[PDB]
């Protein structure tokens, strides 16, 4: 398992599954991504050992982003947003976690807030799956 002096990795293979030491107190995850036509959805999960704190799901089949989470392994209430992505275009997607709110930006502009339902301090894994190519992934605490 390799680490980086800049906490950044290029061209990781999907599905990407990357350990992280919590995701709170101002942690930022920056992804440069290209949604693909290989699947009609892709998602990013910020997972603790027990639950998903945030599941961010881009859905080209439904024309939406769906955010949700699990508690005791069951899905909670969905937040639905417009889909800010187009397949085969490049996006910089950032998540920023502080004070129980995970703020989400696309190409530098605020896209949505997610009010977490389980503490993001317990996050231990960043998972990226589905119809998406990850060009780069970076975490700053």
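Numbering follows the first chain given and starts at 1.
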Could you check the entry and say whether 35-43 or 64-72 has the higher mean CA B-factor? 35-43
With reference to the PDB entry, specify whether the mean Cα temperature factor is higher for 103-111 or for 81-89. 81-89
Considering only modelled residues of the same chain, in which third does the CA B-factor of residue 97 rank: lowest, middle or highest? lowest
Which third, lowest, middle or highest, does the CA B-factor of residue 126 fall in along this chain? lowest
Considering only modelled residues of the same chain, in which third does the CA B-factor of residue 136 rank: lowest, middle or highest? lowest
